[PDB]
There are 2 protein chains.
Amino acid sequence: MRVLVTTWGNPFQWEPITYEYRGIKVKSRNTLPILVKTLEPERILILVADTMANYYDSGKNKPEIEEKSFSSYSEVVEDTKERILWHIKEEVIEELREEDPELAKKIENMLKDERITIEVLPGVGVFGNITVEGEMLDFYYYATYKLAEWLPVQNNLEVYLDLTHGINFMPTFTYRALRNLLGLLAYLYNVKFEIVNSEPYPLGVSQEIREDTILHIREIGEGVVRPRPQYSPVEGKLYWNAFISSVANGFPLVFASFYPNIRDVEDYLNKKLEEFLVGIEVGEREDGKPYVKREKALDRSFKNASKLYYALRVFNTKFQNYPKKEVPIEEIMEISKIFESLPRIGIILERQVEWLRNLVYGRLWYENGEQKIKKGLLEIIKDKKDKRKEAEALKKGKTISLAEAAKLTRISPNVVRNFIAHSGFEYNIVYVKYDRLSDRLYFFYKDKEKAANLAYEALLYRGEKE
Amino acid sequence: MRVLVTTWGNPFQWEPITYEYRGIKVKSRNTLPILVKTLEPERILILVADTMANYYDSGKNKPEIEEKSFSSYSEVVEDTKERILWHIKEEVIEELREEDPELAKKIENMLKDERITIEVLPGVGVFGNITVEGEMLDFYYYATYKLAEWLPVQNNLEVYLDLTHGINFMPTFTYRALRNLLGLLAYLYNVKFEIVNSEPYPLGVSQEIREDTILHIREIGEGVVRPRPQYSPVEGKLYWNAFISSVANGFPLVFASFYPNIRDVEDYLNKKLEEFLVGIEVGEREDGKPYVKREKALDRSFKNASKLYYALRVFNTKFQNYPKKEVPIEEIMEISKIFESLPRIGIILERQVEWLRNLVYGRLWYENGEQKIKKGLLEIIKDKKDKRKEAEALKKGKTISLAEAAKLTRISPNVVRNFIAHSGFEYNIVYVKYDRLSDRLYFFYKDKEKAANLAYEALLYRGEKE
Ligand SMILES: [Zn+2]
Ligand SMILES: [Zn+2]
Ligand SMILES: [Zn+2]
Ligand SMILES: [Zn+2]
Ligand SMILES: [Zn+2]
Ligand SMILES: [Zn+2]
């Protein structure tokens, strides 16, 4: 699938110009036509700022919507959308009817379906049409949230990000939010991330020099996305962080054990978001214009939470039985196969995980043509002769330590390091239990709290240099 | 140390406004004053684009420099600097004499020393003062080069990046180039990376509403920099890539063995750069204005090379005996201590490296109060009785394999994976040699070519998911 995300400033300030891209040339005020014609996206998200609210050009009498008086940020948002929607219908499409009539119908139809959506984000700025006061980071944090909801979850996803019409701080914020999110999608699926940006609109030049000027849509993306560990906690959410640490460092047992319920996070976002919107005062400037003042701000936890929200949407398409406190070696392998995307960690897990597979089944290997082997908890439990207290306890279904498991067969003072080294599989805290009804060996954290803290700590952990 | 990097568009279009930041409020057309006053940087790099060349406002008669005719990109660059330098002396400082006279002298003096430097980068744009044609990425690639030269190499470095006056594509490109470079500095030294960005200049509003508007300098940085593996090769430079792979994955032997000579890369940059500038045609538009046309473009290798250039400046402050083909276990530990910054890899190395330290010295450890031990190549070579052919060959100073070394004591079909797993320490290709004059065990790659290829491959390597 191919999707396009594009940041827009003030569309009513752009004049018609010809855009070139991959051999194709389409004239418009917006890049959208050339991008839709060249790329043929299946979806399009348009990001604008509430600083667009109430905009009106008296000399060009556009957009053809009256200036209003607002009382809630709710109206402010819907009004902004109305005007941007107008520029799209009454200008983008309209003016295409004389340049590429088929494209106009294509954009016209995409606008019918829910192919293209406009979203209004919190901005900053004192303009002739409105004044918006608040924290700048709000745009960024909310951006991460919006992308967290809209963004697809599929294999071979191609995300094109057009920063052409982005105006102040918008570009970098959106670029950062998007690469963070796509970086999480890359743990399971393949995805390309391209950034497009057209050359600058010719300024202060003769009408003759402006008509010979054709703007190139440039590709400046990073290409194939590689997953990247994001050490981004959510204040006051131990378990979540523990899970966040597992996706960052690769802790299979911690992954399954603290897998958060997407609705629990989804509702955290909802509450924090509601507390934000309500802090938004909607008044009136000296000159009668709208005055939006945010007295509450979003924090990085809201951003990290939003990130967690997208990760879970990516993972939930492959794991539904989690959280699970007692997981079998089979699922540990599944979970471990996720980090294959991050070679260094997946390779660390493959060995560590095979070892754990050997505990349960036994180890069959060769040394110089010779043929040596060892049995696992599985066999020991069957053999009626084994009277070793560990196998005794295990045979009854009693809980046995991972170290105790190392004894029935063959297998530092800085807990965090060792915990990182062992991928969360500490022989002190990881236990085993045999269930006869299901007929399987289960691994689990006996000490729920300390497993999470050790995990959490391994997210904030930083080696020593100086 | 504290340094500031700030992107500028067209300074002659900005009007005076009051800037607030960390409780401090300074009025100017530029953010530089407020940033110098609040931060007190020891250095300042100002990034501008050649699209500033020949700029002149007829109504404000500024800058007070004539429009010229150019024949070489060399003049174009020096002229741009002249005008930006002018805005700084005749406006920034000048207008401060009536707002904060002490600050003016401070900026005046910093301009005397080489505290602040202006650099001209390749831009894109058709303007009333000049037309610049070329690839947009050139700004980005050259940016990475410029930062590679200017940027300091020290512990506790604080880089502030002001994107406030950045205009089109400049911000994101500079943000990306800077985080890549700082990310390499973080392998050895601590460094903070903050991004500052002022709120938007009030547009289309009454003179009364504009005077009540105070712009906030906002901090939107990432804070403490964490080193990040950069899989960025340089086409046609096997050895370099092998070294690049070692800094990315953590291959101590590969690090010391293919350590490139900084001058060899420095000269690669010089040649590629010269071939770029020479492709820059400097002509004249229909309207008499300057016409800069780049017929040659920089490629990502130039960027990656520039990155390699900065990494070497960071590493050269701690390693001068490299490249070294025969390195002792002592240096392997030094090299290994670098990745302590990236916990997951450093922890992988600590074990793998201690093992290699045990080969040379022997392993002294305890099992249940009991006291077992083994001897290393060191001791075996001393003991006159050992007649084992391996110790025999070794005692004569003959080359022995790492596997052969595993035998004299105690210690898949996908070569790349295993090579990654073993951190480049394959028992097949890593050899040992004892030198009696120096009295030390040396590890080395017998097959120079294949060690580099396997390394290189491990940079392009990607696990399997679907
Ligand atoms: Zn013409
Ligand atoms: Zn209030
Ligand atoms: Zn341990
Ligand atoms: Zn007033
Ligand atoms: Zn030519
Ligand atoms: Zn192997």
Side-chain angles (χ1 to χ4, degrees), chain A residues 1-7 39 41-43 45 143-144 146-163 171-197 218-232 244 247-250 303-304 306-318 337-346, chain B residues 137 140 172-173 175-177 179-180 183 222 226 228-233 244-245 248-249 300 303-304 307 344 458-466:
Chain A
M1 185 176 262
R2 234 185 204 167
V3 295
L4 173 69
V5 172
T6 182
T7 65
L39 301 170
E42 277 130 88
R43 302 189 197 179
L45 179 69
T144 313
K146 285 304 182 180
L147 289 166
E149 294 193 318
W150 182 83
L151 221 46
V153 170
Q154 281 163 48
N155 187 55
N156 297 309
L157 200 180
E158 285 170 88
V159 191
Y160 279 75
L161 168 58
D162 180 51
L163 307 173
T172 295
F173 272 148
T174 311
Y175 165 60
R176 287 166 58 185
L178 199 46
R179 72 136 152 59
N180 281 2
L181 296 172
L182 295 180
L184 291 171
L185 180 64
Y187 276 71
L188 303 182
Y189 313 104
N190 296 92
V191 57
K192 278 91 153 62
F193 175 30
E194 251 295 17
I195 302 176
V196 288
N197 194 59
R218 297 298 194 200
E219 298 196 357
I220 57 187
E222 304 169 307
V224 201
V225 180
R226 236 197 185 74
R228 296 262 182 172
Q230 308 194 68
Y231 312 97
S232 322
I244 295 188
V247 173
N249 302 300
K303 171 195 68 190
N304 298 347
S306 302
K307 293 210 291 186
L308 175 54
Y309 178 60
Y310 189 59
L312 290 180
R313 293 217 292 135
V314 165
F315 297 143
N316 275 350
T317 76
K318 292 232 179 188
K337 181 176 177 172
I338 289 179
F339 309 88
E340 259 307 273
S341 41
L342 307 76
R344 216 64 173 82
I345 303 170
Chain B
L137 284 173
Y140 178 45
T172 295
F173 272 148
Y175 165 60
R176 287 166 58 185
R179 72 136 152 59
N180 281 2
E222 304 169 307
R226 236 197 185 74
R228 296 262 182 172
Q230 308 194 68
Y231 312 97
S232 322
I244 295 188
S245 193
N249 302 300
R300 56 179 50 104
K303 171 195 68 190
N304 298 347
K307 293 210 291 186
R344 216 64 173 82
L459 174 76
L460 307 181
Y461 185 74
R462 314 259 233 299
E464 304 68 52
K465 313 177 303 299
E466 278 181 343

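Keep in mind that the numbers below use all heavy atoms, side chains included, and drop hydrogens, waters and symmetry copies. We name chains A, B, ... by the order of the sequence lines, and we start the count at 1 in each one.
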Heavy-atom pair of closest approach, residues [X] and [Y]:
X: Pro233(B); Y: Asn304(B); value: O-ND2, 2.6 Å
X: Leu188(A); Y: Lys318(A); value: CD1-CG, 4.1 Å
X: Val314(A); Y: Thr317(A); value: O-OG1, 3.0 Å
X: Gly463(B); Y: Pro343(A); value: N-CG, 3.7 Å
X: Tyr309(A); Y: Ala148(A); value: CE2-O, 3.7 Å
X: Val159(A); Y: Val191(A); value: CG2-CG2, 4.2 Å

Going by heavy atoms in the side chains, are [X] and [Y] under 4.5 Å from each other?
X: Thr144(A); Y: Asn180(A); result: no
X: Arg228(B); Y: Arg228(A); result: yes
X: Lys465(B); Y: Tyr189(A); result: no
X: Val3(A); Y: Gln154(A); result: no
X: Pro229(A); Y: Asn249(A); result: no
X: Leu151(A); Y: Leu178(A); result: yes
X: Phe173(B); Y: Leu137(B); result: yes
X: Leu147(A); Y: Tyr310(A); result: no

Do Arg176(B) and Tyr140(B) form a cation-pi contact, if we require the NZ or CZ to be under 6.0 Å from the six-membered ring centre and within 45 degrees of the ring's axis?
yes
Could you tell me whether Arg218(A) atom CZ has more than 12 heavy atoms of other residues or ligands within 6.0 Å of it?
yes
Under 6.0 Å from the NZ atom of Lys337(A), do we count more than 12 heavy atoms belonging to anything else shown?
no
Give me the ring orientation class for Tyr175(A) and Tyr175(B): parallel if the planes are under 30° apart, tilted from 30 to 60°, perpendicular past 60°.
perpendicular
Can you say whether the rings of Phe339(A) and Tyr187(A) are parallel (under 30°), tilted (30 to 60°) or perpendicular (over 60°)?
perpendicular
Just how far is it from atom [atom1] of [X] to atom [atom2] of [Y], taken to the nearest 0.5 Å?
X: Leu4(A); Y: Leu45(A); atom1: CG; atom2: CG; value: 9.0 Å
X: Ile195(A); Y: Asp162(A); atom1: CD1; atom2: CG; value: 10.5 Å
X: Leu185(A); Y: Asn190(A); atom1: CG; atom2: CG; value: 9.0 Å
X: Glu194(A); Y: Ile220(A); atom1: CD; atom2: CD1; value: 8.0 Å
X: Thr174(A); Y: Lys146(A); atom1: OG1; atom2: NZ; value: 13.5 Å
X: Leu342(A); Y: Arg344(B); atom1: CG; atom2: CZ; value: 10.5 Å

Using modelled atom types and a 3.5 Å cut-off, is there a donor and acceptor pairing between side-chain atoms of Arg462(B) and backbone atoms of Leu460(B)?
yes
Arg2(A) backbone acceptor or donor facing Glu42(A) side chain under 3.5 Å
yes
Indicate yes or no: does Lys192(A) engage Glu219(A) in a salt bridge with an N to O separation below 4.0 Å.
no
Test side chain to side chain donor-acceptor pair (under 3.5 Å) applied to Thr7(A) - qualifying residues, sequence neighbours left out
none
